[PDB]
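Asker: Have a look at this one before I ask anything.
Protein chains in written order, with PDB author numbering: chain A, 8 to 142, 153 to 320; chain A', 8 to 142, 153 to 320. A prime marks a further copy of an entry chain.
Structure, rendered in structure tokens:
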């Protein structure tokens with residue numbers, strides 16, 4: 008490929024954290040494409056660790072398997088909007104199962120080229136379950162099952178049942194309920210497991226952007242339970258932003274860049290419902306612009 | 008009063024963190040009544056700092072104003088179930104406004120006898136706003162307005178508009194959306210503001226307990242938008258439990274006791290809707306039992 012630039016090793020732990028957000032990760036991919044092109048290497052050759060939640064876990068997993076961002080974009084375009092276009096629990100659940108199997112096949116957490124964390128929510132304990140790999154990885158679960166769990170947005174998708182290698186059966190739902198912004202769990206991994214000093218950590222947290230809130234009049238035309246749909250989206254946004262604020266309070270001294278800017282267009286449905294590829298494709302340009310507003314600091318962070 | 012026991016000062020920072028939970032804080036009060044009676048002094052004479060969110064902020068504020076738990080219980084019984092009994096946005100909003108004015112009148116954050124933090128959620132930035140006092154306190158806002166904001170569970174209550182002393186107008190909603198379990202924000206206050214070492218901190222986090230999840234059949238009889246009601250409750254529970262897990266990951270070395278046990282009765286509606294004083298009064302005994310299962314460690318933590 009064209010990404011032939013090589014970087015020497017140092018004692019700096021470079022961490023990438025990708026928010027969930029329905030099919031709006033086209034924004035995320037626009038940011039990531041510019042970071043990749045800036046660096047001249049696949050992202051796994053520069054970052055030590057990537058965390059992702061829900062559809063951000065799709066991107067994180069492909070990064071950790073060594074994909075280039077244009078390849079991720081092709082896979083994302085051909086599978087993620089179809090999931091969000093579903094309008095029944097059966098259709099949503101089967102569409103997501105098909106995505107997971109088709110995109111990740113039988114890759115496991117022993118197949119990754121960098122550190123990875125994928126966040127889901129445990130139904131019974133209401134606490135996170137984080138699938139990890141490096142170099153029992155992922156609790157013995159396939160990447161497809163872990164990403165599927167990370168994306169299982171009950172009550173609109175079915176809960177995802179997995180059995181760990183130790184034989185424990187757990188029901189899981191979308192990780193956005195506990196960590197749609199996974200950055201604090203990534204920082205915990207860098208500080209508590211990888212035993213890195215705060216000064217030696219660099220965190221890039223890429224969101225999906227912020228767009229005009231859909232109003233009840235619009236949601237009522239595309240969803241019979243529009244209030245639940247609106248509540249899901251607003252609580253997801255609050256958890257995403259408040260997690261960022263909690264990070265800034267507790268870890269002032271961990272160098273961090275968060276890229277998730279606010280735009281007045283496109284007008285979209287919620288993350289659960291939006292699948293219009295015309296609107297979603299415009300988010301790539303918005304992500305590129307968000308990179309451009311931070312390129313000098315991103316250069317000094319990476320490189 | 009009967010609470011005449013006196014404690015000497017030491018270099019230990021004793022922190023109390025109270026979860027929100029509708030009218031289910033009868034459980035919280037049962038735990039607190041036993042801690043008070045164990046200590047033999049009003050809680051403000053032993054704890055340095057109390058944080059609360061939503062109806063837990065009602066209890067936190069009364070503690071910080073110097074109330075004894077039996078007095079708090081009387082105020083809670085006469086005002087909080089009436090709020091939750093409301094079945095319209097207008098009725099809920101007026102009931103909460105009446106609670107705030109009647110219970111706190113014109114007390115300000117300069118009137119507290121200990122450290123206090125009360126958490127609300129900013130509507131536009133989707134990030135916490137924490138009203139603080141010790142000894153511009155509370156951003157110049159009254160305790161009544163801060164507690165009201167902490168409890169304003171939009172979309173079912175109106176958002177609460179406040180103007181800070183610096184002249185900034187902010188719209189606020191219930192703090193449970195960002196920190197229904199406020200413990201991490203309390204730890205940030207003890208470590209980042211009060212500059213306490215982790216070894217010198219003692220955290221008691223009292224919840225409202227965990228009870229059987231209400232099913233759609235029951236919610237459909239008491240709420241026209243039952244799915245939104247169920248989603249609100251489940252997301253609130255996940256934020257409460259996952260915040261506790263995040264604390265345990267990031268602050269292994271801060272001594273902490275969380276008291277929020279699981280029970281099979283009473284069968285109740287969600288936090289938003291439950292107002293049956295018969296059921297709710299039984300939660301006091303459950304809180305007393307939860308204290309009893311931890312009394313030896315609580316003695317060594319306090320005292």
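No residue lacks a Cβ here, since even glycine has one placed at the ideal position from N, Cα and C.
#1: Does the distance from the CB of residue 121 of chain A' to the CB of residue 196 of chain A' come in under 7 Å?
#2: Taking the alpha carbon of residue 176 of chain A' as the reference point, which residue from A'/184, A'/47, A'/282 and A'/162 has its own alpha carbon closest?
#3: Bridge partners of residue 127 of chain A, per DSSP?
#4: Buried or exposed: residue 320 of chain A', going by 16 or more other Cβ atoms within 10 Å of its Cβ?
#5: In the DSSP assignment, the alpha helix (DSSP H) including residue 71 of chain A' goes from what residue to what residue?
#6: Establish whether the CB of residue 228 of chain A and some CB of chain A' are separated by less than 7 Å.
#7: Alpha carbon to alpha carbon, how far is residue 109 of chain A from residue 102 of chain A?
#8: Using a Cβ cut-off of 8 Å, which residues of the stretch 107-141 of chain A' contact any Cβ in chain A, in chain order?
#9: Using only the alpha-carbon positions, how far apart do residue 10 of chain A' and residue 128 of chain A sit?
#10: Given that residue 87 of chain A touches chain A', what residues does it touch there, using C-beta distances under 9 Å?
#11: If you follow the alpha helix (DSSP H) that residue 203 of chain A' is in, where does it begin and where does it stop?
#12: Using three-state DSSP, classify residue 319 of chain A' as helix, strand or coil.
#13: I need the DSSP call for residue 15 of chain A', collapsed to helix, strand or coil.
#14: Run through the DSSP bridge pairs and tell me what residue 223 of chain A' is partnered with.
#15: How would you list, in chain order, the residues of chain A' whose beta-carbon sits under 9 Å from the beta-carbon of residue 205 of chain A?
#16: Quick one: which unbroken alpha helix (DSSP H) runs of 4-plus residues sit fully inside the stretch 238-267 of chain A? Chain order, please.
#17: Taking its Cβ as the centre, do 16 or more other Cβ atoms sit within 10 Å of residue 233 of chain A, making it buried, or is it exposed?
#18: Along chain A, in chain order, which residues have C-beta atoms closer than 8 Å to that of residue 242 of chain A'?
#19: From which residue to which residue does the beta strand (DSSP E) around residue 180 of chain A run?
#20: Residue 172 of chain A' touches chain A at which residues, Cβ-Cβ below 8 Å?
#21: Does DSSP put residue 103 of chain A in a helix, in a strand, or in coil?
#22: So with Cβ pairs under 7 Å, would you call residue 252 of chain A' a contact of chain A?
#23: Which residues of chain A' have a Cβ atom closer than 7 Å to the Cβ of residue 255 of chain A, listed in chain order?
#24: Which bits of chain A' does residue 201 of chain A rub up against, with CB to CB less than 8 Å?
#25: Taking residue 209 of chain A as the query, report the chain A' residues whose CB atoms sit under 7 Å from its CB, ordered along the chain.
#26: Kindly indicate which three-state DSSP category residue 186 of chain A' falls into: helix, strand or coil?
#27: Does the separation of the CB atoms of residue 151 of chain A and residue 59 of chain A fall below 7 Å?
#28: Helix, strand or coil, according to DSSP, for residue 58 of chain A' in the structure here?
#29: Under the rule that 16 or more other beta-carbon atoms within 10 Å means buried, what is residue 18 of chain A', buried or exposed?
#30: Counting only Cβ pairs nearer than 9 Å, list the residues of chain A' close to residue 169 of chain A.
#31: With which residues is residue 122 of chain A' paired in a DSSP beta bridge?
#32: For residue 258 of chain A', go through chain A and note every residue whose CB falls closer than 7 Å to its CB, in chain order.
#33: Alpha carbon to alpha carbon, how far is residue 12 of chain A' from residue 87 of chain A'? Give it in angstroms, no decimals.
#34: Excluding five sequence neighbours on each side, which residues of the same chain lie with their C-beta closer than 6 Å to the C-beta of residue 27 of chain A'?
#35: Would you mind working out which of A'/142, A'/158, A'/207 and A'/130 sits nearest residue 113 of chain A', comparing C-alpha positions?
Answerer: In brief:
#1: no
#2: A'/162
#3: A/136 and A/191
#4: exposed
#5: 62-71
#6: no
#7: 10 Å
#8: 128, 132, 133, 134 and 135
#9: 44 Å
#10: The premise fails here: residue 87 of chain A is roughly 23 Å from chain A' at the closest Cβ pair, so nothing lies under 9 Å.
#11: 200-205
#12: coil
#13: coil
#14: A'/25 and A'/276
#15: 263, 266 and 267
#16: 243-267
#17: exposed
#18: 242, 244 and 245
#19: 177-180
#20: 244, 247 and 248
#21: helix
#22: yes
#23: 128, 133, 194 and 195
#24: 263 and 267
#25: 266
#26: strand
#27: There are no coordinates for residue 151 of chain A in this structure, because the numbering of chain A runs from 142 directly to 153.
#28: strand
#29: exposed
#30: None at all; the shortest Cβ gap to chain A' is about 14 Å.
#31: A'/56
#32: 132, 133 and 134
#33: 31 Å
#34: 60, 61, 62, 63, 193 and 197
#35: A'/158
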